[PDB]
Structures are given as structure tokens and as C-alpha cells.
2 protein chains.
Amino acid sequence: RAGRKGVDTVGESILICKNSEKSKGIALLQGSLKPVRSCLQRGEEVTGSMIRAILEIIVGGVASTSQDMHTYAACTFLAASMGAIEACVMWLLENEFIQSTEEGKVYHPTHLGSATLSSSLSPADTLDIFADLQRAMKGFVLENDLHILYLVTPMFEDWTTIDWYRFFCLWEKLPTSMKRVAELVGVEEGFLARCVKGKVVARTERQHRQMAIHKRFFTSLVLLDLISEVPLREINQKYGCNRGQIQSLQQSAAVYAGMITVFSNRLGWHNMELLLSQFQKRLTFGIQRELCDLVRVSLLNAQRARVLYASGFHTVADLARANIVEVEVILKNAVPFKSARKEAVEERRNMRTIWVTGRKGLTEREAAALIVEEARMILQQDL
Amino acid sequence: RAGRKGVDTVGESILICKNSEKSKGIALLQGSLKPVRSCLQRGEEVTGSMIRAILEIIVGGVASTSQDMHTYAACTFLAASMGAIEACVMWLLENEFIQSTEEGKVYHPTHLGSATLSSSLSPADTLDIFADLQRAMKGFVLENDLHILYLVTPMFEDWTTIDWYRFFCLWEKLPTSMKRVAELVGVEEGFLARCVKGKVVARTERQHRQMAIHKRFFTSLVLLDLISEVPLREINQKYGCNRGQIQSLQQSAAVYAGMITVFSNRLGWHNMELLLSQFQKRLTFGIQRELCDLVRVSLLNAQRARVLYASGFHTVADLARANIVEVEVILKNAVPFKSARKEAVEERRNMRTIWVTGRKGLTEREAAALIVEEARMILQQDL
Ligand SMILES: [K+]
Ligand SMILES: [K+]
């Protein structure tokens, strides 16, 4: 990124080092990129990338027989550099992903197969997800939205560094209704104590998904406050994570929530599907059910939707009838100031202070007129 | 075992083979024993045998410091053939087995440590056992003896080849009170179906202790009927296992039941200890609580104790007052015949038909007199 084309004569790069790390710095300047691996490499005859690859072609209906499988193996990048394929096919058979009809040896997708493909889910993750859902449908808590959120809470990657001492403090202060959900999932208070007392991550044993469970329940709490319209600064102080890690999490959970919804629909689990089908939109914007209609407008996010709701505008229909200058004023009240704000400067009438995507700078007035204009266009398309 | 010392001139050994397996047979005749491994060998820096070895010397109080540890490492068979030790010490620290007091670096046993040593349990198994007990004390079924038996049901080795189709048939016919115990443990009906329908053992994943759970619950059912004085032939037909596999199981479970009882006592878990402390004796002989007093006599097993109980002799005290020839007759009624038995042969008055340990052949009369004689000696020692 050193050197602007058409602007600079040269691009300069400086790597600051010490005498001790002097040799490692030179290694980088002379270093070159490593050769590209296939990521489908084989004491592991089976592998995730291959299992998914084989599942996609069989369920999709472009690979039926055993001859089609090895023909596919020829097209891979792994074979370009110049058994394992057969192992993945059996794996799909053992775990009810694929069917075999002896037309000798022809493979067809199951309901679980077609569901996994439509859900864009990884076959390795689908097994635990399928069990987790069946476990939840045997005993489910409906008095709050926490248990539902847990099912759509992603835990395939760490989104933040969790302070366990902070976690235990929230555990005790946690209401009884949410402790019931914790117990029902696997959250044991004993494991939480062995985390604060001693910084033993363990996780060496495969059976230590016990760690992931507590990380997942911690995350669901964050997502619970998030769709409860709890301020980002409160969530930051309460949990110990920045706004960057949160936004990356909600956009991840919004997508994941859609996956579990599709997965539940293709298996015929209507009751479970019915509950989940409202959280994709709520996780995206971080809102409650009431603001779901307002946030259809492009410029209206969580903060702008709430202040317009609390001012009499509950729906797009109510927002189309709106007086523009009234919308503008309500927007002006949602701004965050360090001092308890909420002189006359008439030189700020042209200040473009509202950002969009692929944006021209919008004034607070122009944005308001756009919100009312868009609301009317949507109101007509609703008929 | 070919050649009797002082009897035979030679010992002959014949290995019958085919032309195809001819070469493998010669390999055995010329073959010799492999060198003895240390079984404490090290991508495994930690190992079970070492962890147990280190735990025993610290808890026992013969190894306190870090110098004592490597001094011990010198005495091992592994070092005789001529790092890992330090890894095991940390493991004992991470899992609350051992304490460290910075007298720089001195290691002491915890309550969990001293309990494991007194229980003769393996440190690797103790972790899951400790969790299983804590899980059981949160929700425990007392209406039957099944849930208690599960806690003392050993599953570290396979004692028989379980027919899963047979298992599912017993599952449906299983009463509601015992289905509640199954659910409470982990027995899912879905996994039972995927065993009968398809012979997929899986168990490749470490998290597949789900297999062990169903094997363990199957075993507890056998142990339940066993202490319910259900005939060995019925248990054989019902489950599909021989009397040899059963006897090896009960003597294994009798010992294991004693271990869990001691383990519970050293942790202060009195309520749990109280329930378990009656099953070591019942698992040994395969009896109900009523026969616990009778089986104190050496010659009285499960079968002989029951027929004497059903005939008026409930205790050793009642058995000391007994008329010998009456005891003899009751014993004669407990014999199993193929025909519906239960001529006059007075030539069988000297037939030694009762076996003992380190035995002279006992007549049904001599045995009866021994039972009454022993009962009197015990009755006096009871005072
Ligand atoms: K929007
Ligand atoms: K006895």
C-alpha cells in the first residue's frame, strides 16, 4: 500500500526493529509467499472440505453413481498437483445424510441431506445442531427470548475475549427465569467457578465442548440485550467488549438465524421454525418487534426507529403521512452528546451530517424528506 | 502345557494349518517374545499410568517437592532403558487433584486427591465419575434401585456383545419408572434406533461416549434383575449373554460399588454414600436386602439363602436353632432338574455332591450340619 499510482514518485516502506529482532526483519524483506495448499489434503482419511464437497454434488443431483464421484476427484485442485473419496461417501451414509440403492450403487439425498444443502450449513456442524434442536424441543422455555436466541447463537469462532470474573458476577445477578435456561442447556455453576478461580482453558480434550457451551450462553446474553435495545455503551461496560466485536457478532447471528430457520423448515419442524423466523430481522438491526415495520425504510436504523416510535410514528403508514420538518426534529433529538444536550447557528443549514452506503452527504433535512418519500413509495408497494 | 513332569516321556504340540496359512504357522514355531515395553512411554506428553503414579506418591506423602519427582523418575522402568514428569504435575494442578504452595514449589493433596487414592480409582476416570455424581445429586430417582445401580455400573471394558435389536424390544416394554431414569442419564431413543436399523458403531469421535452410556444403561438393567433374584437362564434369554459374562460382571460391579462408596465418603457426600453402601453386598451374591444376613454363612449363596428364607429361616439366629436334617431337606429342594422334579436310592448317602473353595467333597447332610454349626459360631460372635 506504499505508492499512489499517478501521485507519488516512489513508495517507501520502513520496518522498525531492534538488534535482537534484526534477523527476523530481513527474513520478511527477502521472504516470498508459500505455495498454495489444497485444503482437501488427507491420519485423516476423511476431511470436512471433502465431505461438504461430496454432499453438494449428490444432493444437488449432478453426481449419482460411484463413477461420477471419482470423475469429480479429477477436477479438484488436489488432483492437479499430480481412496479418500470413498471414505466420505460412507460417512454420509453412516450419518443419514445420503441413501444407497443397490443400477448398482446409486446415491440419493435424504431429507437431512437436502436440508443441509438448503441451509448452507457444514455437514460436520449439522450433526451437533440437529441434536441440539431435538434436545430443545423436548423441553423449551418460552417465557423469555433467551432460549430461542441460544439456538441461533453462533459459536464456530471467538468474537471476543471473555472476562470470566465479569461473567460470574452477571451469573449471580441473573434472574431465575434465565438461570433455568442456563441449566437446561449445560451451563454448570461449578465450571464457571473453575474459570474465574483458575485461568485453565483446557480445551485439549474433544469432549471439552463444555467450554463452547459457556461461551455460547455468554454470547446469547449479549444478543438478548442487543435485541432489547440496550445501548452499545452499556453492553460494552457490562460484558467487556467493544462495539466492533458486537456488530461483527450480530451480522453473523442474523445470517446464522436464517440458516437454522431454513433447516427447520425443510425437516418439517413447523413449531420450531415459527419461533425462529422472527429473530433474523431483530438480530440484524438490534430492535424489538415493534420497530420491525419502521426499519424497512433504508435510512431508519435501531436508534432512529425508536425515537420515531416514541413520538407517534409506529408504522410506515404513519410515517408516510408525516410532516417532513417534524421527522427532521425527532431525528435531531436522537443525537448523542457528551454533555446533557438532548446559540443559534444558521450556517449549519448545509452541513452534510448523515452518512449512507454509496453515499452523498445528506443534511438532516434532506434525510428526513428521503425517509418520508421512501415511506410513501413503500406504502404503495404494500397494496 | 504339553508334558507332565514326572509322568510323560515327551510333550507333543501340533498346530493344524492349511497350505495358505502354512507360512504363518512356521512363524509361530520359530517366533520369540517381544521386548517388554514400559507402558509409561511418551504426541502424548501426558499419559494415564504416569499421572496415576505421580498422584500416588504425592497424596501418600512420600513426594512433596519437585526434586522428589525426578528422583522417582529415575526409579522407573522407563528410565532403566537409558520433561514428561513436569507435565503430569501441572495436570494434577489444573484438575484440582493437587495443591501448590510457593519452601519454593511444594505439592500437597486436595480432598479430591485423597479421595481418589483411597478409592483405588484412576485419575482419568475420576473426572467423569465426579461429574456424573454431581449430576445425579441434582435430580435423582429413588422409587426404584435402577438409578443407584447406574452409578455403580462399570463401563471400562466390554463384558458382552450386546444385541441392539433385543435392546430396543426391552426398551418399549420398559416401564415408565425406568424410562424416566434412562432419559435422566442420556439414553435417547433416537440413538437406539440408529443402532438397530444400521450397525454403525462409530465411536471414532471422542465425544462418542454416547455409545458407552447406552451400553452402561443396558448393563444396569442386567444388574437390576440380578439383585432382584431373577434366574440366570431368564437373564440369558432376555439379554443374550452367557452365565460366564454375568458372573464376571457382578464381581466387577461389586468391587466398583465399594470404590464409589469410599469416594463419596471422603468427599463428605453422606446422603449419596448412604444409598450406595448397600449394593456392594447385593451385587456380590445377587440377592435382595432380606437375604443379606443369611449370606454371611460361607456355604449359603443366593439360591440356598432364598429357599431357606421361604421356609421360615430368615436370619442366622433362626438358622442356629435349626434342626440339621430340616436344613438338609430344604437344600435338596433347591436343586435344578430338567424334568419337573422339585425310586429310593440309599446308595447315595455318601455321594459328595456339594462343592466348596479349597474343597473336600461335602454330602448334602455334612453341608447342612456345617451351615448350622457356622451359624451358631457367628451368632456368638454377634454378641
Ligand atoms: K434500514
Ligand atoms: K456365602
# chains A, B, ... in the order shown; residues from 1 in each chain; ligands from 1
call {"tool": "select_by_dssp", "arguments": {"residues": "segment 68-309 of chain A", "states": "strand (DSSP E)", "output": "MDAnalysis selection string"}}
result
chainID A and resid 98:101 106:109
call {"tool": "write_last_selection", "arguments": {"atoms": "N, CA and C atoms", "output": "compact mmCIF listing (two decimals), in the first residue's frame"}}
result
# COMPACT_ATOMS: atom_id res chain seq x y z
N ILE A 98 -27.08 -39.41 3.25
CA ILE A 98 -27.23 -39.89 1.88
C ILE A 98 -27.77 -41.33 1.87
N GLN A 99 -28.47 -41.69 0.80
CA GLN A 99 -29.05 -43.03 0.67
C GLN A 99 -28.33 -43.84 -0.40
N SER A 100 -28.27 -45.15 -0.21
CA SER A 100 -27.65 -46.03 -1.20
C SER A 100 -28.63 -47.10 -1.66
N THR A 101 -28.86 -47.16 -2.97
CA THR A 101 -29.76 -48.15 -3.55
C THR A 101 -28.98 -49.10 -4.46
N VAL A 106 -26.13 -46.56 -6.40
CA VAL A 106 -26.56 -45.21 -6.79
C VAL A 106 -26.96 -44.42 -5.55
N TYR A 107 -26.42 -43.21 -5.41
CA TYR A 107 -26.60 -42.44 -4.18
C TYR A 107 -27.57 -41.27 -4.32
N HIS A 108 -28.50 -41.18 -3.37
CA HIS A 108 -29.52 -40.14 -3.37
C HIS A 108 -29.53 -39.38 -2.05
N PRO A 109 -30.01 -38.13 -2.07
CA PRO A 109 -30.08 -37.32 -0.84
C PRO A 109 -31.25 -37.70 0.06
call {"tool": "calpha_fit_and_write", "arguments": {"fixed": "chain A", "moving": "chain B", "output": "compact mmCIF listing (two decimals) with C-alpha atoms, in the first residue's frame"}}
result
# COMPACT_ATOMS: atom_id res chain seq x y z
CA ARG B 1 0.00 0.00 0.00
CA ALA B 2 3.07 2.21 -0.35
CA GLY B 3 2.94 4.29 -3.52
CA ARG B 4 -0.07 6.06 -5.00
CA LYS B 5 -0.38 5.44 -8.74
CA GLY B 6 -0.23 8.76 -10.59
CA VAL B 7 0.67 10.76 -7.48
CA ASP B 8 3.89 9.62 -5.79
CA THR B 9 7.30 9.19 -7.41
CA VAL B 10 8.12 6.32 -5.05
CA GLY B 11 6.57 4.26 -2.28
CA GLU B 12 8.62 3.91 0.89
CA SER B 13 8.37 1.05 3.40
CA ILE B 14 10.06 1.08 6.81
CA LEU B 15 10.13 -1.88 9.20
CA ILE B 16 11.30 -0.73 12.64
CA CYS B 17 13.29 -3.37 14.52
CA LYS B 18 15.82 -3.91 17.30
CA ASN B 19 19.22 -5.60 17.17
CA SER B 20 17.68 -8.79 18.56
CA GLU B 21 14.86 -9.00 16.02
CA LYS B 22 17.09 -7.68 13.21
CA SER B 23 17.45 -11.07 11.51
CA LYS B 24 13.70 -11.73 11.53
CA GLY B 25 13.03 -8.41 9.81
CA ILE B 26 15.42 -9.19 6.95
CA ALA B 27 13.68 -12.55 6.57
CA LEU B 28 10.47 -10.67 5.71
CA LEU B 29 12.08 -8.34 3.16
CA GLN B 30 13.64 -11.28 1.33
CA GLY B 31 10.76 -13.65 2.03
CA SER B 32 8.27 -14.88 -0.55
CA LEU B 33 4.78 -16.40 -0.47
CA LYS B 34 4.30 -20.08 0.36
CA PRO B 35 2.83 -22.45 -2.27
CA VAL B 36 -0.97 -22.79 -2.23
CA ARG B 37 -2.22 -25.90 -0.42
CA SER B 38 -5.35 -27.78 -1.49
CA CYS B 39 -7.12 -27.63 1.90
CA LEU B 40 -8.60 -31.03 0.99
CA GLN B 41 -5.44 -32.90 1.97
CA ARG B 42 -5.67 -36.30 3.65
CA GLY B 43 -4.06 -39.98 9.75
CA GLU B 44 -7.13 -38.20 8.41
CA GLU B 45 -8.75 -40.16 5.57
CA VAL B 46 -11.91 -38.09 5.96
CA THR B 47 -11.92 -34.28 5.96
CA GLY B 48 -14.53 -31.54 6.31
CA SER B 49 -13.98 -29.80 2.98
CA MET B 50 -14.29 -33.09 1.09
CA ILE B 51 -17.40 -34.27 2.95
CA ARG B 52 -19.12 -30.97 2.13
CA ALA B 53 -17.94 -31.12 -1.48
CA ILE B 54 -19.27 -34.65 -1.97
CA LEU B 55 -22.57 -33.79 -0.26
CA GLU B 56 -23.18 -30.80 -2.52
CA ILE B 57 -22.89 -32.73 -5.80
CA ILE B 58 -25.05 -35.68 -4.70
CA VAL B 59 -27.86 -33.69 -3.07
CA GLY B 60 -27.80 -31.18 -5.93
CA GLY B 61 -28.29 -34.03 -8.37
CA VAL B 62 -25.16 -33.79 -10.52
CA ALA B 63 -23.46 -36.87 -9.06
CA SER B 64 -25.39 -40.11 -8.59
CA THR B 65 -23.13 -43.11 -9.16
CA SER B 66 -19.66 -44.05 -7.93
CA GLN B 67 -18.15 -43.20 -11.33
CA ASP B 68 -19.32 -39.60 -11.00
CA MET B 69 -17.52 -39.30 -7.67
CA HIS B 70 -14.00 -40.06 -8.92
CA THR B 71 -14.65 -38.05 -12.08
CA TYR B 72 -15.20 -35.15 -9.67
CA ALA B 73 -12.00 -36.08 -7.84
CA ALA B 74 -10.12 -35.45 -11.08
CA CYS B 75 -11.40 -31.88 -11.28
CA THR B 76 -10.15 -30.98 -7.81
CA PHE B 77 -7.10 -28.81 -7.14
CA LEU B 78 -5.73 -31.66 -5.03
CA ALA B 79 -5.51 -33.93 -8.07
CA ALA B 80 -3.99 -31.12 -10.14
CA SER B 81 -0.71 -31.48 -8.25
CA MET B 82 -0.22 -34.93 -9.78
CA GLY B 83 -9.49 -43.73 -1.81
CA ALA B 84 -10.30 -40.75 0.40
CA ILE B 85 -13.35 -40.01 -1.75
CA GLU B 86 -14.86 -43.41 -0.95
CA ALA B 87 -14.46 -42.75 2.78
CA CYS B 88 -16.51 -39.55 2.64
CA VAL B 89 -19.34 -41.31 0.81
CA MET B 90 -19.60 -43.93 3.56
CA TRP B 91 -19.58 -41.17 6.19
CA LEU B 92 -22.58 -39.55 4.52
CA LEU B 93 -24.23 -42.98 4.62
CA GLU B 94 -23.49 -43.67 8.29
CA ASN B 95 -24.93 -40.33 9.40
CA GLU B 96 -28.20 -40.45 7.44
CA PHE B 97 -27.05 -37.74 5.01
CA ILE B 98 -27.23 -39.89 1.88
CA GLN B 99 -29.05 -43.03 0.67
CA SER B 100 -27.65 -46.03 -1.20
CA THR B 101 -29.76 -48.15 -3.55
CA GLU B 102 -28.16 -51.37 -4.82
CA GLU B 103 -28.45 -49.82 -11.07
CA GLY B 104 -25.60 -50.97 -8.85
CA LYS B 105 -24.59 -48.43 -6.19
CA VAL B 106 -26.56 -45.21 -6.79
CA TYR B 107 -26.60 -42.44 -4.18
CA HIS B 108 -29.52 -40.14 -3.37
CA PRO B 109 -30.08 -37.32 -0.84
CA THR B 110 -32.12 -37.78 2.34
CA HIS B 111 -34.32 -35.14 3.97
CA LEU B 112 -31.37 -34.36 6.25
CA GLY B 113 -29.19 -34.04 3.16
CA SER B 114 -31.47 -31.68 1.25
CA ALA B 115 -31.93 -29.63 4.43
CA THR B 116 -28.19 -29.19 5.00
CA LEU B 117 -27.67 -28.02 1.41
CA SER B 118 -30.55 -25.52 1.52
CA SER B 119 -29.25 -24.22 4.86
CA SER B 120 -25.72 -23.56 3.58
CA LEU B 121 -24.53 -25.47 6.65
CA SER B 122 -21.39 -27.55 7.09
CA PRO B 123 -22.11 -31.32 7.42
CA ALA B 124 -19.75 -31.55 10.40
CA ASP B 125 -21.65 -28.83 12.27
CA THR B 126 -25.07 -30.12 11.19
CA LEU B 127 -24.79 -33.24 13.37
CA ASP B 128 -24.48 -31.29 16.63
CA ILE B 129 -27.04 -28.70 15.50
CA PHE B 130 -29.55 -31.44 14.66
CA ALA B 131 -29.09 -32.97 18.11
CA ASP B 132 -29.26 -29.59 19.85
CA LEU B 133 -32.59 -28.80 18.21
CA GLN B 134 -34.09 -32.18 19.08
CA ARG B 135 -32.88 -31.66 22.65
CA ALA B 136 -34.51 -28.22 22.80
CA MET B 137 -37.87 -29.44 21.50
CA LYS B 138 -38.11 -31.87 24.43
CA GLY B 139 -38.04 -29.06 26.97
CA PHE B 140 -38.21 -25.45 25.86
CA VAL B 141 -38.55 -22.15 27.73
CA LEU B 142 -40.93 -19.60 26.19
CA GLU B 143 -41.34 -17.00 28.95
CA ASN B 144 -38.36 -15.09 27.55
CA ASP B 145 -36.50 -14.95 24.23
CA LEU B 146 -33.23 -16.28 25.64
CA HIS B 147 -33.63 -19.98 24.84
CA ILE B 148 -34.60 -19.20 21.24
CA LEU B 149 -31.56 -16.94 20.87
CA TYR B 150 -29.26 -19.69 22.10
CA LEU B 151 -30.32 -21.85 19.14
CA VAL B 152 -29.30 -19.08 16.74
CA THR B 153 -26.18 -18.04 18.64
CA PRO B 154 -23.07 -18.83 16.56
CA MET B 155 -20.02 -20.42 18.18
CA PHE B 156 -17.63 -21.50 15.43
CA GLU B 157 -15.19 -18.67 16.11
CA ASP B 158 -14.27 -16.40 19.01
CA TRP B 159 -15.71 -12.90 18.62
CA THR B 160 -14.18 -11.51 21.81
CA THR B 161 -12.02 -12.29 24.84
CA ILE B 162 -14.46 -13.13 27.63
CA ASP B 163 -13.65 -11.95 31.16
CA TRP B 164 -14.77 -14.88 33.29
CA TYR B 165 -14.78 -12.93 36.56
CA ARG B 166 -17.21 -10.47 34.98
CA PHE B 167 -19.28 -13.41 33.75
CA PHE B 168 -19.69 -14.92 37.23
CA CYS B 169 -20.82 -11.53 38.55
CA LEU B 170 -23.57 -11.46 35.93
CA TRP B 171 -24.37 -15.09 36.76
CA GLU B 172 -25.36 -14.37 40.36
CA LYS B 173 -27.30 -11.24 39.40
CA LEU B 174 -29.01 -13.24 36.65
CA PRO B 175 -32.78 -13.67 37.22
CA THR B 176 -34.28 -17.09 37.96
CA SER B 177 -36.00 -17.27 34.57
CA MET B 178 -32.64 -17.08 32.79
CA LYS B 179 -30.89 -19.45 35.19
CA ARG B 180 -33.45 -22.09 34.22
CA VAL B 181 -32.37 -21.69 30.59
CA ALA B 182 -28.71 -21.98 31.58
CA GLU B 183 -29.23 -25.23 33.48
CA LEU B 184 -31.40 -26.58 30.65
CA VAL B 185 -28.50 -26.07 28.23
CA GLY B 186 -25.45 -27.28 30.14
CA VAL B 187 -24.23 -24.20 31.96
CA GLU B 188 -22.96 -25.60 35.26
CA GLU B 189 -22.03 -23.14 38.00
CA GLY B 190 -19.11 -25.36 39.00
CA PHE B 191 -17.35 -24.90 35.67
CA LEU B 192 -17.84 -21.13 35.89
CA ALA B 193 -16.07 -21.15 39.25
CA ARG B 194 -13.12 -23.15 37.91
CA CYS B 195 -12.71 -20.49 35.21
CA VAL B 196 -12.56 -17.44 37.48
CA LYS B 197 -10.52 -19.11 40.23
CA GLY B 198 -8.01 -20.58 37.79
CA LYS B 199 -7.28 -19.50 34.22
CA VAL B 200 -7.37 -23.09 32.95
CA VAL B 201 -8.61 -23.01 29.36
CA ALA B 202 -8.03 -26.76 28.94
CA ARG B 203 -9.98 -27.49 25.74
CA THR B 204 -7.37 -30.11 24.82
CA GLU B 205 -9.95 -32.89 25.10
CA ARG B 206 -12.51 -33.07 22.30
CA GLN B 207 -15.24 -33.66 24.89
CA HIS B 208 -14.44 -30.16 26.15
CA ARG B 209 -17.20 -28.52 24.14
CA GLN B 210 -18.25 -27.68 27.69
CA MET B 211 -16.12 -24.58 27.14
CA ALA B 212 -18.04 -23.68 23.98
CA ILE B 213 -21.35 -24.04 25.82
CA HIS B 214 -20.46 -21.39 28.42
CA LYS B 215 -19.03 -19.17 25.69
CA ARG B 216 -22.26 -19.62 23.73
CA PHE B 217 -24.51 -18.80 26.69
CA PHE B 218 -22.40 -15.73 27.43
CA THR B 219 -22.92 -14.66 23.82
CA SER B 220 -26.69 -15.22 23.92
CA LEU B 221 -26.91 -12.82 26.86
CA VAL B 222 -25.23 -10.15 24.74
CA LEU B 223 -27.64 -10.89 21.90
CA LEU B 224 -30.54 -10.72 24.34
CA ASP B 225 -29.71 -7.20 25.49
CA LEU B 226 -28.93 -6.32 21.87
CA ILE B 227 -32.45 -7.04 20.61
CA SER B 228 -33.78 -5.46 23.81
CA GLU B 229 -32.39 -2.15 22.53
CA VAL B 230 -29.86 -1.85 25.34
CA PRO B 231 -27.28 0.88 24.49
CA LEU B 232 -23.95 -0.24 23.00
CA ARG B 233 -22.06 1.56 25.77
CA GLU B 234 -23.99 -0.33 28.45
CA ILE B 235 -23.30 -3.63 26.69
CA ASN B 236 -19.64 -2.64 26.48
CA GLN B 237 -19.35 -1.91 30.20
CA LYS B 238 -21.49 -4.88 31.24
CA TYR B 239 -19.65 -7.54 29.23
CA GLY B 240 -16.27 -6.01 28.39
CA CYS B 241 -16.36 -5.96 24.60
CA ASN B 242 -16.05 -3.16 22.04
CA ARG B 243 -18.71 -2.08 19.53
CA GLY B 244 -16.67 -3.58 16.69
CA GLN B 245 -16.86 -7.10 18.10
CA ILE B 246 -20.60 -6.67 18.71
CA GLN B 247 -21.50 -5.56 15.19
CA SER B 248 -19.49 -8.43 13.73
CA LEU B 249 -21.41 -10.78 16.02
CA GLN B 250 -24.94 -9.59 15.22
CA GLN B 251 -24.41 -9.69 11.45
CA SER B 252 -23.04 -13.19 11.99
CA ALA B 253 -26.00 -14.22 14.15
CA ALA B 254 -28.51 -12.64 11.76
CA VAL B 255 -27.21 -14.84 8.94
CA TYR B 256 -26.99 -17.92 11.17
CA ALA B 257 -30.56 -17.38 12.40
CA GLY B 258 -31.73 -17.56 8.79
CA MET B 259 -29.86 -20.82 8.32
CA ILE B 260 -31.45 -22.56 11.31
CA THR B 261 -34.86 -21.32 10.15
CA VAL B 262 -34.45 -22.87 6.69
CA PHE B 263 -33.02 -26.04 8.24
CA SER B 264 -36.08 -26.36 10.47
CA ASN B 265 -38.46 -25.72 7.57
CA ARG B 266 -37.02 -28.47 5.36
CA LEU B 267 -37.33 -31.01 8.18
CA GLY B 268 -40.98 -30.14 8.72
CA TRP B 269 -40.39 -28.76 12.20
CA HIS B 270 -43.02 -26.04 11.91
CA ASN B 271 -43.36 -25.08 15.59
CA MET B 272 -39.62 -24.56 15.92
CA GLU B 273 -39.49 -22.74 12.58
CA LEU B 274 -42.32 -20.46 13.70
CA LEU B 275 -40.40 -19.20 16.74
CA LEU B 276 -37.07 -18.65 14.96
CA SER B 277 -38.48 -16.85 11.92
CA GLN B 278 -38.69 -13.51 13.75
CA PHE B 279 -35.13 -13.21 15.05
CA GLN B 280 -33.22 -12.76 11.78
CA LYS B 281 -34.63 -9.26 11.37
CA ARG B 282 -34.31 -8.41 15.06
CA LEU B 283 -30.68 -9.55 15.28
CA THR B 284 -29.77 -7.54 12.18
CA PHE B 285 -30.90 -4.13 13.43
CA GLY B 286 -30.89 -4.89 17.15
CA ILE B 287 -34.53 -3.98 17.73
CA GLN B 288 -37.73 -5.19 19.36
CA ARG B 289 -40.77 -6.49 17.45
CA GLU B 290 -42.42 -3.06 17.35
CA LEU B 291 -39.72 -1.46 15.22
CA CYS B 292 -39.76 -4.26 12.63
CA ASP B 293 -42.03 -2.26 10.32
CA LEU B 294 -40.15 1.04 10.56
CA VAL B 295 -36.72 -0.44 9.81
CA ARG B 296 -37.92 -1.38 6.32
CA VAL B 297 -37.02 2.18 5.35
CA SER B 298 -33.36 2.30 4.28
CA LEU B 299 -32.27 5.26 6.42
CA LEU B 300 -34.01 4.06 9.59
CA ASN B 301 -31.83 2.03 11.95
CA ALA B 302 -32.45 0.98 15.57
CA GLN B 303 -31.88 4.41 17.14
CA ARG B 304 -33.87 6.40 14.57
CA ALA B 305 -36.72 3.87 14.63
CA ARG B 306 -37.15 4.11 18.40
CA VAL B 307 -37.32 7.89 18.69
CA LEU B 308 -39.85 7.99 15.85
CA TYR B 309 -41.88 5.27 17.56
CA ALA B 310 -41.87 7.12 20.88
CA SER B 311 -43.09 10.24 19.07
CA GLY B 312 -46.24 8.81 17.50
CA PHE B 313 -44.93 7.19 14.32
CA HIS B 314 -45.34 3.45 14.80
CA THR B 315 -45.63 2.26 11.20
CA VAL B 316 -44.56 3.14 7.65
CA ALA B 317 -48.20 4.09 7.08
CA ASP B 318 -47.99 6.63 9.91
CA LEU B 319 -44.64 7.80 8.53
CA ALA B 320 -45.95 8.48 5.02
CA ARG B 321 -48.50 10.96 6.42
CA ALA B 322 -45.69 12.63 8.35
CA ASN B 323 -44.75 16.28 8.04
CA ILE B 324 -41.12 16.31 6.86
CA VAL B 325 -39.90 19.04 9.22
CA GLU B 326 -41.38 17.11 12.15
CA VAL B 327 -39.40 13.99 11.23
CA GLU B 328 -36.27 16.12 10.96
CA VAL B 329 -36.74 17.45 14.50
CA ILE B 330 -37.26 13.99 16.01
CA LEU B 331 -34.06 12.84 14.31
CA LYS B 332 -32.18 15.81 15.82
CA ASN B 333 -33.17 14.55 19.27
CA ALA B 334 -31.55 11.14 18.80
CA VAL B 335 -28.03 12.57 18.55
CA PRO B 336 -25.58 11.60 21.32
CA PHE B 337 -23.68 14.37 23.12
CA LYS B 338 -21.16 14.08 25.96
CA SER B 339 -22.98 16.88 27.78
CA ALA B 340 -26.68 16.75 28.68
CA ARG B 341 -27.80 18.38 25.42
CA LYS B 342 -30.68 16.17 24.29
CA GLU B 343 -26.53 29.51 20.49
CA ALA B 344 -28.25 29.58 17.11
CA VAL B 345 -26.06 28.64 14.14
CA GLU B 346 -27.81 29.20 10.81
CA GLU B 347 -24.57 28.38 8.98
CA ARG B 348 -25.11 24.66 9.55
CA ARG B 349 -28.12 24.51 7.24
CA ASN B 350 -25.98 22.95 4.50
CA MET B 351 -23.81 20.73 6.70
CA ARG B 352 -23.98 17.15 5.42
CA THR B 353 -24.01 15.21 8.69
CA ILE B 354 -25.76 11.96 7.78
CA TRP B 355 -23.87 9.02 6.27
CA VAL B 356 -25.31 6.36 3.93
CA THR B 357 -23.98 3.47 1.81
CA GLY B 358 -22.63 4.57 -1.57
CA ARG B 359 -23.28 7.93 -0.05
CA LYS B 360 -23.65 11.54 -0.89
CA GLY B 361 -23.59 13.62 2.27
CA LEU B 362 -27.15 14.13 3.49
CA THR B 363 -28.39 17.02 5.61
CA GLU B 364 -30.74 16.27 8.50
CA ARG B 365 -33.43 17.93 6.37
CA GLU B 366 -32.72 16.03 3.14
CA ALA B 367 -32.62 12.73 5.03
CA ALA B 368 -36.00 13.43 6.62
CA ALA B 369 -37.53 14.17 3.22
CA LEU B 370 -36.00 10.95 1.91
CA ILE B 371 -37.46 8.93 4.79
CA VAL B 372 -40.96 10.29 4.16
CA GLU B 373 -40.55 9.88 0.39
CA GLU B 374 -39.38 6.28 0.76
CA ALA B 375 -42.19 5.56 3.24
CA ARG B 376 -44.77 6.64 0.67
CA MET B 377 -43.20 4.51 -2.07
CA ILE B 378 -43.23 1.51 0.26
CA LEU B 379 -46.82 2.20 1.36
CA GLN B 380 -47.96 1.99 -2.26
CA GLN B 381 -45.99 -1.21 -2.91
CA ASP B 382 -47.76 -2.67 0.13
CA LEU B 383 -51.00 -2.58 -1.86
call {"tool": "select_by_dssp", "arguments": {"residues": "segment 55-255 of chain B", "states": "alpha helix (DSSP H)", "output": "ChimeraX atom specification"}}
result
/B:55-59,66-75,84-94,111-118,123-136,146-151,164-172,176-185,189-196,210-226,232-239,243-255
